[PDB]
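Engineer: Submitted below is the structure of interest, expressed as structure tokens.
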Amino acid sequence: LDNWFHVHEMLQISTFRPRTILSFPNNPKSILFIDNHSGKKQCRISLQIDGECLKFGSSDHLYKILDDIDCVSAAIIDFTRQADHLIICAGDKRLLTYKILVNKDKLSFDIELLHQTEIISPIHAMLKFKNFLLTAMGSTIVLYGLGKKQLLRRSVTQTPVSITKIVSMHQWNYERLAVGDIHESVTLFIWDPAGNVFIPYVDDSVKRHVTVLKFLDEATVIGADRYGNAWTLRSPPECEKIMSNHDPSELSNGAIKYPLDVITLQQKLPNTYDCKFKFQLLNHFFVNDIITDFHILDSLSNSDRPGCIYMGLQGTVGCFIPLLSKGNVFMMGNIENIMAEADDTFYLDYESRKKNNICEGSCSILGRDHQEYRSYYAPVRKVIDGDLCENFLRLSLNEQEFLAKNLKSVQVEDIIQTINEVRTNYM
Amino acid sequence: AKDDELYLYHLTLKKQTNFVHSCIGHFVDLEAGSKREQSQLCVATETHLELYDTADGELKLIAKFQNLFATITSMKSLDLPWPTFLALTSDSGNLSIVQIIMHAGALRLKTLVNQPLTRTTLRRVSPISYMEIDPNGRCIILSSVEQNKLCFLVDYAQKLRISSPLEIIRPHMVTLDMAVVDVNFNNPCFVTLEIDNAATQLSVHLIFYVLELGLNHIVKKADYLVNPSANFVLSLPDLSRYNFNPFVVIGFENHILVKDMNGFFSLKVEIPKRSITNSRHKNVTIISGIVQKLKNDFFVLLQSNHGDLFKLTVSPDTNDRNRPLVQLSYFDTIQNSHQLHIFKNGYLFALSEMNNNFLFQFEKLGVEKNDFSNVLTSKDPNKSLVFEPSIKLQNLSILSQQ
Amino acid sequence: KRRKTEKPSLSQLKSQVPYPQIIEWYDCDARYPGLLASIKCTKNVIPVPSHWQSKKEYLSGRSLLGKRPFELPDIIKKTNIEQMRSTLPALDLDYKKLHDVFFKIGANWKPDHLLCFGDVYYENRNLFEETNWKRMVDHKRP
Amino acid sequence: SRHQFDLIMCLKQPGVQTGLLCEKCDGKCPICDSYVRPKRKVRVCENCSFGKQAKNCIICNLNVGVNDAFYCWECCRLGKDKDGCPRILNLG
Amino acid sequence: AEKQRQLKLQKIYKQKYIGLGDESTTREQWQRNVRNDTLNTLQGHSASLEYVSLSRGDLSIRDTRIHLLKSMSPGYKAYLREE
Amino acid sequence: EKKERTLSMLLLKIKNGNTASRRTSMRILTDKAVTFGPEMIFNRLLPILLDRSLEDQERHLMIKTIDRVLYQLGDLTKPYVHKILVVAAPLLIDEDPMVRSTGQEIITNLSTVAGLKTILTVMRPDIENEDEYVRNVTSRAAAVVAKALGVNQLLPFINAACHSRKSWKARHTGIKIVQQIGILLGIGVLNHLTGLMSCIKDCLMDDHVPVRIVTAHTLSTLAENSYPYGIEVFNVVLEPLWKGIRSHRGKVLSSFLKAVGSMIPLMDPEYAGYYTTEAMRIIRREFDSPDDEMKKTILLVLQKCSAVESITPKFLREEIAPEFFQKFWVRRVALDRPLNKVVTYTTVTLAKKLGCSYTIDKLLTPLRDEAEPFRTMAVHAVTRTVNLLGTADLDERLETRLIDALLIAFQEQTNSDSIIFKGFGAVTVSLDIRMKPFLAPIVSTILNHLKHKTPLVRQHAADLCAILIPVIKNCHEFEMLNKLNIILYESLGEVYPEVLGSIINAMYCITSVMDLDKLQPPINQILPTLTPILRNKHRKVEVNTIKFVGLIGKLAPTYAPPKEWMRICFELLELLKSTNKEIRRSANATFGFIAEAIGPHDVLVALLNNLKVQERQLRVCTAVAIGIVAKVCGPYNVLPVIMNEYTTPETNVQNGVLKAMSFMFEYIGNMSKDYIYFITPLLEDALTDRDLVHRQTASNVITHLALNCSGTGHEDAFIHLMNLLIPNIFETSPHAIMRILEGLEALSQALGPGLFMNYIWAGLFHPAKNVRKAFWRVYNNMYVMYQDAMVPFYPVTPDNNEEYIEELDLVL
RNA sequence: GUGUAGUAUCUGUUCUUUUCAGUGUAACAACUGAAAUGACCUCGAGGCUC
RNA sequence: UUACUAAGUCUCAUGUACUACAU
């Protein structure tokens with residue numbers, strides 16, 4: 001319960017501080033690493049597949065050095081199914097294209113510089129769109145194709161006025177996008193072929209600073225905050241009906257019939273409702289770390305319930321498991337409610353026995369309530385925190401049986417059963 | 001209609017690894033019927049908390065304690081004239097003094113007294129984020145980054161007793177780097193660097209405070225204005241052999257000072273510099289100082305942003321008079337470490353804010369004060385020494401890494 | 001005097017604004033108009049309800065005279081206490097019935113209207129007609 | 001107080017001491033005067049304790065209290081629990 | 001009487017919690033409170049502090065922390081200008 | 001400088017006047033004492049408090065003023081040292097602890113004002129006071145001056161001035177000051193323990209017996225202050241203390257035993273046995289004390305030795321049990337109150353070590369004796385031993401003897417001896433399952449004590465029956481139930497309220513132990529008989545009757561006609577807000593079972609109909625009954641009928657509905673989460689209603705509802721509820737404004753600041769000078785509860801403000 | 001089925017020195033100060049009028 | 001085919017509730 005992992009890795013300090021990590025779409029797991037130099041701008045690229053790394057060409061070195069290239073952001077792309085290119089964005093504001101080679105029983109990685117392209121923005125975020133590079137300028141989203149001697153702008157989409165910069169963004173099956181901001185929050189776009197443009201169809205409710213963002217689904221989005229909020233949003237069914245029943249080409253121009261309220265919100269509140277829909281908050285949570293990477297895994301160690309696991313910056317990995325049925329979240333919710341004020345229950349018992357004849361923060365060891373701490377920035381909505389219910393396992397049998405008496409429901413033993421059920425069955 | 005209402009189950013699989021706080025006390029006595037040894041350490045990252053022992057010269061997981069569900073904004077152990085239990089301040093403002101106990105078949109963390117302060121949030125008025133305890137354990141002091149400072153007078157009895165808070169409130173003075181000076185039981189004295197919030201110019205001025213056990217309040221003693229470049233304060237224990245007058249070490253960026261309480265002695269010693277000075281070169285600073293004293297020899301270790309680990313000793317300058325001198329030298333350095341401790345054993349625990357916490361035993365102890373070559377003195381405050389770093393790692397020897 | 005006459009024109013203020021149509025004539029006397037335009041015209045902010053500058057204490061409404069006293073949510077109206085106790089100008093009930101109405105029958109139940117992110121209720125507004133409206137856009141089709 | 005307006009509070013950093021309330025005022029959260037689900041015992045600054053005045057009811061300021069005052073769960077979440085030293089200095 | 005108490009509690013809450021906009025507050029006075037609290041939390045959470053340290057690229061993290069502390073006072077801009 | 005005399009009138013302003021107007025005088029005098037003249041200032045300040053008219057608060061104010069003057073006039077307080085020393089000395093020896101504390105504080109302030117040399121030159125020549133009271137006052141003054149000006153700061157001067165051989169006066173005053181300092185400091189004698197013993201050891205072998213007694217008293221005080229640990233310095237005089245136990249005579253041996261009694265518990269485990277064996281030669285031999293000063297000292301020494309872990313229980317049973325039983329365990333102290341307390345405490349402390357059975361089979365005679373005076377103390381000691389040890393060490397013959405003694409003491413209760421009444425319940429509890437074989441003895445005892453028809457006798461009998469009711473009636477007998485119930489309901493009209501309350505408590509205990517129709521009094525008869533009893537205005541009588549009516553409907557919820565239960569509930573509904581909280585708790589504890597037995601619909605309809613009657617002086621309690629009747633199955637049975645009562649057009653009724661909704665929500669923390677949605681259409685017409693009252697109380701609903709439902713995920717409903725509130729922010733009046741503020745603050749927790757912020761922001765500044773003043777209230781409360789929570793939500797951009805923050809745009 | 005003091009709320013009614021300047025107000029409102037007298041022209045409006 | 005807004009202040013009367021206070 002404490003570890004749940006093993007870490008496979010004089011004084012040793014490397015001058016190169018790592019930057020990002022990449023993986024090829026076609027190869028199921030082949031992981032390419034990109035670092036930086038602290039000093040004169042310099043980079044290295046180290047590819048590993050299967051057990052340990054790779055050699056570079058016939059050279060002894062297992063890594064590649066790139067002089068004068070620094071990487072603000074980088075992503076790998078395959079323009080054709082048989083060719084693999086790498087993408088660097090220099091702080092010089094220049095877009096650098098590369099080519100990856102696997103030698104295969106001579107096996108080695110061979111990187112090859114292709115083109116040079118000047119960029120207006122720093123390019124904080126980019127990803128793979130179909131056949132294309134989908135990149136975000138500071139203001140605007142450019143979709144680059146593959147040209148020769150350099151890469152070309154296939155399409156450009158001007159952002160709504162609200163978006164200053166794009167920290168991160170993600171796609172859903174090439175049809176949809178969710179675009180994040182520094183200041184403002186996620187805004188979802190749809191690619192319209194023959195319109196050659198992404199159309200925003202939904203805004204977000206509040207201001208949230210989004211570091212990393214993913215899709216669980218078509219209609220829902222995961223996002224984290226610079227300040228440590230882990231949230232998930234969902235497009236309203238009023239919007240899902242419209243986009244399910246209509247083609248994207250009619251959104252920007254053409255006839256789409258919106259209920260009376262939406263338009264009245266357009267002339268009444270043009271600033272908020274400019275995107276004509278709003279994300280109803282679906283899940284909200286606070287993890288005191290800053291989440292670096294979300295990943296949605298269809299199964300965790302063959303488990304049925306697909307989870308989403310995140311690694312935080314200060315370091316952590318945690319998961320959000322969707323609970324099937326209800327009485328799962330009913331029992332879990334009741335256990336969390338128990339452990340929430342459990343310190344207060346101990347204090348009131350200890351108080352009554354003093355009336356007939358241990359401080360208040362005894363069981364929590366600290367004054368913070370659970371709902372208060374986990375609420376913090378914004379109240380947790382549907383998320384029940386299992387990290388609390390896990391503390392029920394360590395308490396002595398006297399304390400546990402003292403707590404579970406508040407329930408007409410099952411005994412402490414079945415409680416512990418349901419608690420320990422999550423790590424076993426759900427992953 | 002089916003309610004969407006996604007129900008997520010949060011789990012922390014691996015717990016936050018950036019260790020922001022540490023304490024040197026001896027908490028639990030385990031596996032030994034009767035044993036008392038000061039060698040042990042408890043380290044905390046916000047929520048997550050861990051307790052390590054060494055005693056073998058190699059660090060050991062003791063127990064990973066239950067999740068506290070708060071942000072621990074400072075942690076310091078207290079030793080009173082007994083089992084040494086750690087004082088812990090976090091969000092909610094509560095000053096929570098906790099003792100690590102053995103209950104049932106595991107080690108559980110018991111709380112003794114939690115005192116309500118400020119409100120529940122991470123705040124500037126919140127008297128947290130700056131905390132220290134009297135090295136004799138007579139009183140605990142919390143402060144705020146800006147508004148106010150509170151100091152409790154801790155007393156032990158059949159049940160622990162926390163005295164009423166002692167308040168000092170300076171409205172516009174933003175506090176940074178609380179450092180408490182040890183005392184002989186005379187009176188507790190703590191030192192801060194106050195930067196004025198509302199001013200036309202940037203002014204960073206050190207201020208001394210002597211809490212008076214007789215009058216039961218904190219007293220502003222010496223307000224010394226120093227350059228805005230100031231970084232941190234460290235406490236020089238006595239200087240009883242040389243000439244109640246505490247002396248502090250103020251780390252600046254490109255040079256070090258030490259200052260008297262009475263302002264009689266202000267010594268500037270320029271901090272040496274690397275040979276390469278690769279690309280972007282800051283005026284640097286020293287991030288972490290620490291003090292150690294044995295056999296009349298007390299040296300302090302102060303590390304720069306590059307990780308360069310330095311020492312200071314004091315010389316009387318017998319020729320002139322008996323007066324303090326300040327002597328820098330060079331060590332094995334290390335990577336940047338947030339905080340440093342030393343056991344009663346020769347083991348020096350380096351807590352790195354960067355990646356990994358690792359423990360040492362020092363043998364060479366560094367170059368002798370006799371050499372004029374590599375050592376700098378307070379004789380001439382204007383001077384510069386260039387040095388090439390040493391990866392040979394002569395002085396310090398890594399024992400355990402985490 | 002001089003500060004009152006120092007004010008820039010509201011149209012001079014419009015150019016600083018990305019969404020100029022929200023700014024109004026009274027923003028000219030905003031003590032910090034360049035700032036207030038940025039805040040008021042920021043993305044998700046919801047402008048102050050306009051019943052200020054009226055002295056009517058926010059409800060003089062003639063429409064308030066004609067508002068219905070109350071209507072039970074139909075799920076609760078199923079409980080039949082409407083007939084048991086006459087509120088308009090004893091009834092033994094079952095615990096299982098009432099409990100199931102709130103939980104078994106009414107767990108998924110939610111009020112039909114509610115309101116949205118920036119919905120603000122002005123005096124003359126009445127939600128009920130808009131409820132029958134939204135429900136009607138639903139039922140009736142060409 | 002929540003109801004009587006002219007009653008003035010203390011609002012200093014609370015000490016270790018616990019405020020007393022009389023059996024007549026028993027059960028009230030000293031801020032909201034609520035009888036439901038009390039949580040944490042009130043703590044007052046040392047300046048409100050000292051001599052005989054320590055025995056007074058922190059609520060009605062007159063009678064000598066036996067019982068300890070607790071904050072409710074609504075004030076403990078509203079944070080008024082930690083606001084400061086509740087006491088009524090003026091009789092009202 | 002009631003409003004008159006709200007004035008005293010305005011003085012007390014303003015004293016404890018520093019900036020609280022009462023009725024008329026200059027944008028210089030209030031924005032200073034904004035900057036002070038934002039920096040306060042950036043340096044206050046070891047999390048966001050670790051974050052700003054890397055994104056900024058400083059050699060040590062305490063450089064970022066004490067930077068924010070210094071950045072709280074207005075004159076620190078001119079101070080950087082004089083370096 | 002005659003205006004300083006008017007400052008005394010200003011002192012009257014500090015005494016007679018307002019709190020701020022009084023503190024202003026002190027704040028001004030703090031910066032004016034240096035420019036007022038030390039002589040006249042002291043001559044006007046000292047007599048002001050020296051007069052007998054110095055009240056408690058007046059004394060505190062005068063002490064604070066004198067402390068401020070001393071802090072201002074530090075060196076000027078030197079010439080006035082002869083004044084305060086003559087004034088603060090008697091006040092430090094006052095009767096009340098507050099007076100002595102104020103005197104000690106004034107003495108410490110005067111000492112800290114000047115130097116230690118001034119205090120030495122003042123207290124040194126004051127030893128010429130031949131009066132014992134004056135000498136003790138001077139010694140206490142010197143001790144107080146040393147306790148604040150540094151113990152070692154005055155230690156050498158005192159040791160050099162007292163180590164001479166002038167006369168017995170100085171030799172006695174030295175030990176007196178030492179003991180006074182050790183008593184005033186307390187636990188602060190650890191470091192100065194040996195430093196003081198080095199100067200106090202000169203009296204352990206002193207020639208004069210008075211100096212030896214003073215040294216012994218000082219050593220005992222130091223050992224008590226530095227106890228229990230730290231007996232290292234005690235070894236410096238441990239040898240004489242252990243030797244002179246059987247060496248001195250009269251006062252000397254008494255002082256030696258008094259010092260050894262304190263030194264024994266602080267001693268180690270090895271030398272403790274030797275010290276006890278050396279002191280027993282003069283302790284056990286002189287156990288019979290001619291006076292009280294020797295007897296009390298011997299009792300305290302025996303108690304301290306029993307507390308020590310050195311002398312085991314075997315040595316106590318061998319050499320301590322027979323002497324303690326012969327010279328002490330007897331009825332020879334049937335009238336000495338102090339002796340009756342000391343011997344009882346010593347016996348209770350020693351019984352835990354020597355075994356309860358060793359004394360339970362040896363104290364069955366003092367209680368059964370005809371002497372009620374010694375019998376009271378014997379019963380008290382027996383009850384204390386039974387409560388300390390319990391019931392393990394209880395032999396069959398010993399148990400029979402104890403039962404016989406208790407029965408004889410209860411029967412021979414010629415006086416009002418509550419000791420036997422308190423010990424009977426303890427003995428019955430110690431009996432446990434053994435009380436069943438001993439049933440008829442206690443049964444006949446209770447019958448003879450109940451049928452006596454005496455007021456106090458019947459009260460004591462009812463109390464003892466209620467104490468030992470669950471032990472006897474619950475023994476599975478089914479034979480004494482009728483004999484108890486026939487006599488219980490007999491004396492139902494007792495004029496004495498205490499006897500009536502005792503009878504009600506006994507009947508409640510019987511109904512808790514007995515069942516239906518196992519209880520002797522019929523339910524259909526006890527119910528109508530107890531019905532008018534609840535209408536009585538007696539505090540204890542009504543408190544017992546409420547619990548009796550509640551327990552009547554415990555196991556058997558029926559036993560009644562529905563009309564009778566409805567009438568009882570309507571009668572008890574007016575007592576749900578009584579002055580005594582016990583009645584308020586009992587009413588709620590009984591009404592729950594009453595409503596569970598009667599029925600949900602009937603009770604709900606009755607409460608709803610009762611809303612219009614009983615106008616708003618006690619009406620709200622009825623609402624509490626609605627909220628008290630909706631706690632057995634939750635608020636899903638009360639709420640629907642409430643909503644109809646809101647459908648009623650009447651204003652006052654709608655108000656009572658909304659408030660009843662507030663309270664029913666604050667009483668349920670986790671329940672309202674499922675009920676929130678059914679509320680919002682009701683608050684739809686509430687918040688929209690024109691009446692500031694309905695808007696007020698509806699906001700009060702949103703307070704509790706939002707606080708306890710916050711974080712459940714209903715924010716979308718909370719968004720609605722708020723959207724209706726925002727327009728009410730500008731509403732004036734104190735009640736409306738504070739209810740709405742609290743409501744919005746509750747919404748801050750359920751929504752989170754971000755949206756609540758968004759409103760506050762778009763209204764934050766504004767030109768209107770009114771809108772601004774209004775919203776900055778909400779933003780003040782928001783800044784109070786949340787700061788970091790609002791940090792991400794500040795709508796601040798580089799074009800919005802000049803400096804902005806350069807570090808927010810950093811992306812890695 | 002009464003009297004003393006006092007309050008709130010409808011409705012009816014009506015438009016207070018023509019102007020200037022200041023305070024005030026979101027702008028009003030309101031408040032604070034003073035005062036033109038005479039001549040002429042076109043259809044209450046208007047005057048680089050004297 | 002009419003593209004949706006009127007009462008306010010003062011004065012002197014009428015309409016209706018109410019609050020302390022006394023038989």
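Identifiers in this document derive from the order of the structure tokens: chains are assigned A, B, ..., residues are numbered from 1 separately in each chain, and ligands are numbered from 1 in order of occurrence.
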Tell me as a list in words which residues belonging to chain A come within 9 Å of chain C, counting only C-alpha atoms.
Structural biologist: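 Result, ordered by chain then number: residues 161, 162, 184, 204, 205, 206, 207, 259, 260, 261, 265, 268, 269, 270, 271, 272, 273, 274, 278 and 280 of chain A.
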Engineer: For the residues in that selection, give me N, CA and C atoms as a tab-separated table (two decimals), in the first residue's frame.
Structural biologist:
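Contents of the output file out_25.tsv:
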```tsv
chain	number	residue	atom	x	y	z
A	161	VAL	N	-11.02	35.85	-28.96
A	161	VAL	CA	-10.20	36.91	-28.39
A	161	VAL	C	-9.71	36.54	-26.99
A	162	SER	N	-10.42	35.64	-26.31
A	162	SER	CA	-10.10	35.34	-24.92
A	162	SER	C	-8.73	34.68	-24.78
A	184	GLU	N	-7.01	31.63	-19.30
A	184	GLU	CA	-8.37	31.13	-19.39
A	184	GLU	C	-8.37	29.60	-19.43
A	204	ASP	N	-15.65	27.45	-21.57
A	204	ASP	CA	-15.61	26.82	-20.26
A	204	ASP	C	-16.19	27.78	-19.23
A	205	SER	N	-16.68	27.20	-18.12
A	205	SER	CA	-17.42	27.98	-17.13
A	205	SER	C	-16.55	29.07	-16.51
A	206	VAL	N	-15.46	28.69	-15.86
A	206	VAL	CA	-14.69	29.59	-15.02
A	206	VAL	C	-13.28	29.69	-15.59
A	207	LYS	N	-12.47	30.56	-14.99
A	207	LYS	CA	-11.06	30.71	-15.34
A	207	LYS	C	-10.26	29.65	-14.61
A	259	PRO	N	-31.98	27.12	-29.24
A	259	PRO	CA	-33.12	27.52	-28.41
A	259	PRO	C	-33.03	28.99	-28.02
A	260	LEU	N	-34.20	29.54	-27.68
A	260	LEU	CA	-34.31	30.98	-27.45
A	260	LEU	C	-33.34	31.46	-26.39
A	261	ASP	N	-33.07	30.62	-25.38
A	261	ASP	CA	-32.25	31.06	-24.26
A	261	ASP	C	-30.81	31.33	-24.70
A	265	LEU	N	-28.66	34.74	-24.37
A	265	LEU	CA	-27.40	34.79	-23.66
A	265	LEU	C	-26.29	35.35	-24.54
A	268	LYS	N	-27.33	39.15	-24.45
A	268	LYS	CA	-27.24	39.57	-23.06
A	268	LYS	C	-25.81	39.51	-22.53
A	269	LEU	N	-25.13	38.38	-22.69
A	269	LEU	CA	-23.78	38.20	-22.16
A	269	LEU	C	-22.88	37.73	-23.28
A	270	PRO	N	-22.46	38.63	-24.16
A	270	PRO	CA	-21.62	38.21	-25.29
A	270	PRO	C	-20.24	37.74	-24.88
A	271	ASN	N	-19.71	38.24	-23.76
A	271	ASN	CA	-18.34	37.87	-23.39
A	271	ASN	C	-18.25	36.42	-22.92
A	272	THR	N	-19.15	35.99	-22.04
A	272	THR	CA	-19.07	34.62	-21.53
A	272	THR	C	-19.60	33.62	-22.55
A	273	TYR	N	-20.75	33.91	-23.14
A	273	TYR	CA	-21.47	32.98	-24.00
A	273	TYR	C	-21.07	33.10	-25.47
A	274	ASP	N	-20.01	33.85	-25.76
A	274	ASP	CA	-19.52	33.95	-27.14
A	274	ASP	C	-19.42	32.57	-27.80
A	278	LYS	N	-21.54	26.09	-22.68
A	278	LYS	CA	-20.75	26.15	-21.46
A	278	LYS	C	-20.56	24.75	-20.92
A	280	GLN	N	-20.72	22.35	-18.08
A	280	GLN	CA	-21.19	22.07	-16.73
A	280	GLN	C	-20.08	21.30	-16.03
```
Engineer: Just want the 12 Å neighbourhood of residue G:50, counted on only C-alpha atoms (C1' of nucleotides), with same-chain residues fewer than 3 positions away dropped. Output as a PDB file with C-alpha atoms (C1' of nucleotides), in the first residue's frame.
Structural biologist:
```pdb
ATOM      1  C1'   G G  38     -33.845  99.325 -20.629  1.00  0.00           C
ATOM      2  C1'   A G  39     -34.478  99.171 -26.131  1.00  0.00           C
ATOM      3  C1'   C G  40     -35.266  96.538 -30.886  1.00  0.00           C
ATOM      4  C1'   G G  47     -29.374  87.636 -30.957  1.00  0.00           C
TER       5        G G  47
END
```
Engineer: If you measure from atom CA of residue D:40 to atom CA of residue D:59, what distance in Å do you get, rounded to one decimal?
Structural biologist: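 Calculated distance between atom CA of residue D:40 and atom CA of residue D:59 is 15.9 Å.
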Engineer: As a compact mmCIF listing (two decimals) with N, CA and C atoms, in the first residue's frame, please: the residues near residue A:405 (cut-off 12 Å, only C-alpha atoms (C1' of nucleotides), same-chain neighbours under 3 positions excluded).
Structural biologist:
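In the end it all went to around-v9.txt:
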```
# COMPACT_ATOMS: atom_id res chain seq x y z
N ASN A 334 -20.25 6.73 1.91
CA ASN A 334 -20.52 6.63 3.34
C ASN A 334 -19.25 6.41 4.14
N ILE A 335 -18.31 5.62 3.61
CA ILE A 335 -17.06 5.40 4.32
C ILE A 335 -16.24 6.68 4.38
N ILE A 338 -17.72 8.81 6.96
CA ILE A 338 -17.26 8.36 8.28
C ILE A 338 -15.89 8.95 8.59
N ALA A 342 -14.35 11.62 11.57
CA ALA A 342 -13.99 10.61 12.56
C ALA A 342 -13.23 11.21 13.74
N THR A 345 -15.81 12.69 15.88
CA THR A 345 -16.55 11.68 16.62
C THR A 345 -15.76 11.22 17.84
N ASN A 398 -10.61 -1.67 17.47
CA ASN A 398 -11.50 -0.93 18.36
C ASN A 398 -11.97 0.36 17.70
N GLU A 399 -11.05 1.10 17.09
CA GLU A 399 -11.41 2.36 16.44
C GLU A 399 -12.31 2.11 15.24
N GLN A 400 -11.97 1.11 14.42
CA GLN A 400 -12.76 0.83 13.23
C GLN A 400 -14.18 0.43 13.59
N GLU A 401 -14.32 -0.57 14.47
CA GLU A 401 -15.64 -0.95 14.95
C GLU A 401 -16.36 0.20 15.64
N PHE A 402 -15.61 1.14 16.22
CA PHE A 402 -16.23 2.32 16.80
C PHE A 402 -16.79 3.23 15.71
N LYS A 408 -26.10 1.55 9.54
CA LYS A 408 -26.92 0.35 9.58
C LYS A 408 -26.42 -0.69 8.60
N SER A 409 -25.44 -0.33 7.77
CA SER A 409 -24.93 -1.19 6.71
C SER A 409 -23.90 -2.19 7.23
N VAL A 410 -23.16 -2.79 6.30
CA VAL A 410 -22.36 -3.97 6.59
C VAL A 410 -21.25 -3.68 7.60
N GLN A 411 -20.73 -4.76 8.18
CA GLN A 411 -19.75 -4.72 9.25
C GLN A 411 -18.37 -4.30 8.74
N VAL A 412 -17.52 -3.95 9.70
CA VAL A 412 -16.16 -3.48 9.43
C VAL A 412 -15.45 -4.40 8.44
N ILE A 415 -16.56 -3.65 5.11
CA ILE A 415 -15.98 -2.35 4.80
C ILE A 415 -14.58 -2.53 4.21
```
Engineer: Near chain B, which residues of chain E fall within 9 Å when you count only C-alpha atoms, and what do they look like as a CSV table (one decimal) with C-alpha atoms, in the first residue's frame?
Structural biologist:
```csv
chain,number,residue,atom,x,y,z
E,15,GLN,CA,-5.6,44.8,10.2
E,16,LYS,CA,-5.4,41.0,10.3
E,17,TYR,CA,-5.9,40.1,6.7
E,18,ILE,CA,-4.2,43.3,5.3
E,36,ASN,CA,1.1,40.1,-3.2
E,37,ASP,CA,-1.3,37.2,-2.8
E,40,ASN,CA,2.4,34.6,-1.9
E,41,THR,CA,0.8,31.4,-3.2
E,44,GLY,CA,3.8,29.3,-0.6
E,45,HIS,CA,3.1,26.0,-2.2
E,46,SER,CA,6.2,24.0,-2.6
E,47,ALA,CA,4.4,22.6,-5.6
E,50,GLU,CA,9.0,23.8,-7.8
E,58,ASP,CA,16.9,29.3,-12.3
E,59,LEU,CA,20.0,27.6,-11.0
E,60,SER,CA,18.4,27.0,-7.6
E,61,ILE,CA,14.8,27.0,-6.4
E,62,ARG,CA,15.3,29.3,-3.4
E,63,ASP,CA,16.4,31.9,-6.0
E,66,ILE,CA,13.2,34.8,-2.6
E,69,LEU,CA,9.5,37.6,-1.9
E,70,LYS,CA,11.6,40.5,-3.4
E,72,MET,CA,6.4,41.7,-3.7
E,73,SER,CA,7.8,45.1,-3.1
E,74,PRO,CA,7.3,47.7,-5.9
E,75,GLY,CA,10.9,49.0,-5.9
E,76,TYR,CA,12.3,45.6,-6.9
E,77,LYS,CA,11.7,46.4,-10.6
E,78,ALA,CA,14.0,49.4,-10.4
E,79,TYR,CA,16.3,47.2,-8.3
```
Engineer: Sort by chain and increasing residue number a table of all residues of chain C within 12 Å of chain H, each with its closest pair of atoms and their distance in Å to one decimal, counting only C-alpha atoms (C1' of nucleotides), and write it as JSON lines.
Structural biologist:
```
{"residue": "C:54", "atom": "CA", "partner": "H:8", "partner_atom": "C1'", "distance": 11.8}
{"residue": "C:55", "atom": "CA", "partner": "H:8", "partner_atom": "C1'", "distance": 9.9}
{"residue": "C:56", "atom": "CA", "partner": "H:8", "partner_atom": "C1'", "distance": 10.3}
{"residue": "C:60", "atom": "CA", "partner": "H:7", "partner_atom": "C1'", "distance": 10.2}
{"residue": "C:61", "atom": "CA", "partner": "H:5", "partner_atom": "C1'", "distance": 11.3}
{"residue": "C:62", "atom": "CA", "partner": "H:6", "partner_atom": "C1'", "distance": 10.6}
{"residue": "C:124", "atom": "CA", "partner": "H:5", "partner_atom": "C1'", "distance": 10.6}
```
